[PDB]
Structure formats: C-alpha cells, structure tokens
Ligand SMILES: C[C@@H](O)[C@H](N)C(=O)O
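There is one chain below, alone, in structure tokens, taken in the form solved without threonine.
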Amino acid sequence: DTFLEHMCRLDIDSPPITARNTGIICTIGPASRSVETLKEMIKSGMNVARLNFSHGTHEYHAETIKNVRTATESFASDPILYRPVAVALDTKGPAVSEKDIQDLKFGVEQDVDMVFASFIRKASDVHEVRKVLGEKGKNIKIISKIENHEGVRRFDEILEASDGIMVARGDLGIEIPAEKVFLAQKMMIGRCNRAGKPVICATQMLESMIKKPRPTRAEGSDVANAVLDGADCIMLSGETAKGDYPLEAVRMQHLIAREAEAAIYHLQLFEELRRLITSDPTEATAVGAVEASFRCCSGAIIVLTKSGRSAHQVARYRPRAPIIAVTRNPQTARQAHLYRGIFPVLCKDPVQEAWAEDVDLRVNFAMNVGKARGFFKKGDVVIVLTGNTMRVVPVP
C-alpha cells in the first residue's frame, strides 16, 4: 500500500516466481565469438548480441554475426521454445565520423536490428544517423548513447529524435564527476520511462567477472538498482567480450535481474503513469488491457503485432503481467527485447487463408508458449489484443 511497507515485506526465503523482464545485452568478442559459446549464452539468457566497432574489421564482425545467427537457429527446430536474438551495432563515434558512415551501411546489409550511436550531443546528430541509414534500414532502431555533458543538457530533444537511449556510465564519468553520474542515470531512465522509450544501462556492469568467476557485491547491487531504476535492458561489455568467464557473467546477470523483479513496486510506477488524454484507439485499448491485467492478475497479456508498436504501447504503462508479443516478422521479434516485459514469440506456421483462423492460430500458439515456459496454466485468465480489440479469455 506504501513503498516503505513494500520494502518491509521483502522475503529472501520466497524464490522469484516470475520470468526475467529486463533484457540482457552481451558484447561479443574473442571470448564469446565461438558458435558453441553463443549457444550456451543464449541458454543462459542473452537477448541481444552487441558488436563494438571501436575495434575489428567488417570481415571479423561479419563472421561474428554469422556465428550468432547460426547459434540462434540451432533452436529453431522448436518454435515454441525458440528464443529470438537481436543483433546490435555499436559505432566508434568521434557529428558522424567517416568511419562510422561505413559501419552503419555495413549494418544495413548485415541486417542489424538496432544501432548504438556514440557521443550524441543533440537532435541533429540523431537525424544525421537516421539519414545515413536511409530508406533501406529505416526499420533499424537508433539508440543514442549519452556520454557527455552537452548530451545531458540537451537530453529531451535527443530522446524525442531517438528510438531509445543508452546510459554509458563509463564514458559519462570521464566527462562528468563520478558522484554526479548516478544522478544522470536516474534522470535519463525516468524520462525514458515517462516517454515510453527503451533505455539501456551500460558499461562497467560486472567488470570483476573478467578475471573472476563471481562478481563483487557493489556490482551485484548496482545491476539490481538499475533494474529498479526502471532500465529496460542491462549490458555486459568486457565481461563477455574478452574475459575468462563470459558465460558466468550472463548467468549471474540473469539471477540478479530476476531477483530484482520482486523488489519492484509495480503499483507506484503504473499509477504515476496513469496520472500523466488520447484519441488513438490502439492506445486506449492498451490502457484498458493493462488496467484489466492488474484487476484479475492475468498470467500474460497476449498481443498480436506486426511492427511491434502495439506491444510497445502496452509496455508503456508497465504491467506486472508479461507481454507475449506474437509476430511472424523476425526483425520485430528480435527488436522487442529492447522493451521490458515483452516476451517476443515468432510464429513459423503458414499463413492461413482464412484470416479469423490465422489470428486464432497465432493466439493459441502464444497460449502453448505461455504454458511451456511456465507463464500460466489451463484455466488461468489472460488478456488477448488484436485489431483495437481487447479480450479476456481462459487458457485452453
């Protein structure tokens, strides 16, 4: 009923009985480059494979991308259990260096799902990046890395221009005093949550685990707090790129994140967002869905989406219940990992000629997915969204 009291009844004896809602982004390098390691990392919880173009050639990275996709499709046999895995391109940065311009285009042909643009100071910088990507890769999400003072002063215009934000504490603190950094992090996560755009907490997550099999406690709580701050994704850098224990870092990331979900006071964030008028049918539909979900404790909110946006709008209001976003578009299934609470699910079944049946096919597919992964059981109540349409149905 109150935040204080919610903190008071936190029980370490009760295990987390929810899936992880925070996305895990892993930087891939020498340590994690191999197909067999990537397999295990996906099994460990990796959602997005980051490529750092500060070093390496196009040939090198292209082989990394090939391995990532090879490993990912090893599980394609079971579509029910198949885990979509996004591919992110992180630019070297300085407006837009001559070198970046080629990496972005390389990104386009390599069909990357998103782009981490470095050292963004203003909206015009994001536009230039948008321009460079052009019509060809306009469906590639642009995530603006804030790494300096001006970027902070002009965060609002940057956020609107971008599809998402990355808080790079490492680069931030070189520029700004270390004691000011955590303030910037909380500010940006807040505004991104307010604006309903994905935010990523990045750099120096579990630096200790480069040489060690377990992390410190200052790192363990920092990750958890980032999740509690409202971050959509958490990122591992050197931990998975070069370290001795890349696989342990992911498994630890998973454990901490899943635990941190319990400490989340869902009532507050949802209710505060409600406090802050539309005319968009889909939006009003998403609102009703999230409201209903709290009132009947739904196992999940099943959403049929093509571009991902309808699921994104549901995630905006931050339901407790997991969002099962059903899509046949493999890119949107991969991009969905940027948003907290969305569990993307790729339907490989053939398009049924009868549209009503084809919709029912994708719904029941999600239903099977939910039961298998332990989201709900037969008899549980779930909400299904289709198109402007909300539906409260029992699980078959």
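Start at 1 with the first residue shown and count on from there.
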Discussion item. Missing residues between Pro94 and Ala95 in the deposited sequence, please: none, 1 to 3, 4 to 9, or 10 or more.
Written reply: 10 or more
Discussion item. So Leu276 and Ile277 are neighbours in the shown sequence, but is anything from the deposited sequence left out between them? Give the count as none, 1 to 3, 4 to 9, or 10 or more.
Written reply: 1 to 3
Practice prompt. For the higher mean C-alpha B factor in the entry, choose 177-185 or 207-215.
Written response: 207-215
Worksheet item: According to the deposited model, is the average Cα temperature factor higher in 119-127 or in 230-238?
Response: 119-127
Worksheet item: From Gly341, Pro330, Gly56, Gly370, can you pick the one with the highest C-alpha B factor in the entry?
Response: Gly56
Worksheet item: C-alpha B factor of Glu291, ranked within the chain: lowest, middle or highest third?
Response: lowest
Worksheet, complete the sentence: Assert third(CA B-factor, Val382) within chain per record equals lowest
Item to complete: Compare the C-alpha B factor of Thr70 with those of the other modelled residues in its chain, then answer lowest, middle or highest third.
Response: middle
Fill in: Third of the chain, ranked by Cα B-factor, where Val359 sits
middle
Worksheet item: What third of its chain, lowest, middle or highest, does the C-alpha temperature factor of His266 fall into?
Response: lowest
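Just so you know, the form solved in complex with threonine exists too; it's not on screen, but the next bit is about it.
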Worksheet item: Is there a heavy atom of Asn47 lying 4.5 Å or less from a heavy atom of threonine in the entry with it bound?
Response: yes
Practice prompt. Check whether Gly370 has any heavy atom within 4.5 Å of a heavy atom of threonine in the entry with it bound, and answer yes or no.
Written response: no
Worksheet item: Taking 4.5 angstroms as the cut-off for heavy atoms, does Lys122 touch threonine in the entry with it bound?
Response: no
Practice prompt. Verify the contact flag for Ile342: yes if a non-hydrogen atom of it lies within 4.5 Å of a non-hydrogen atom of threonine in the entry with it bound, no if not.
Written response: yes
Discussion item. So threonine isn't shown here. In the entry with it bound, which residue out of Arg154, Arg83, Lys105, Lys141 has a non-hydrogen atom within 4.5 Å of it?
Written reply: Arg83
Worksheet entry | Residues in 22-56 close to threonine in the entry with it bound, defined by a heavy atom within 4.5 Å, in order | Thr22, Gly23, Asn47
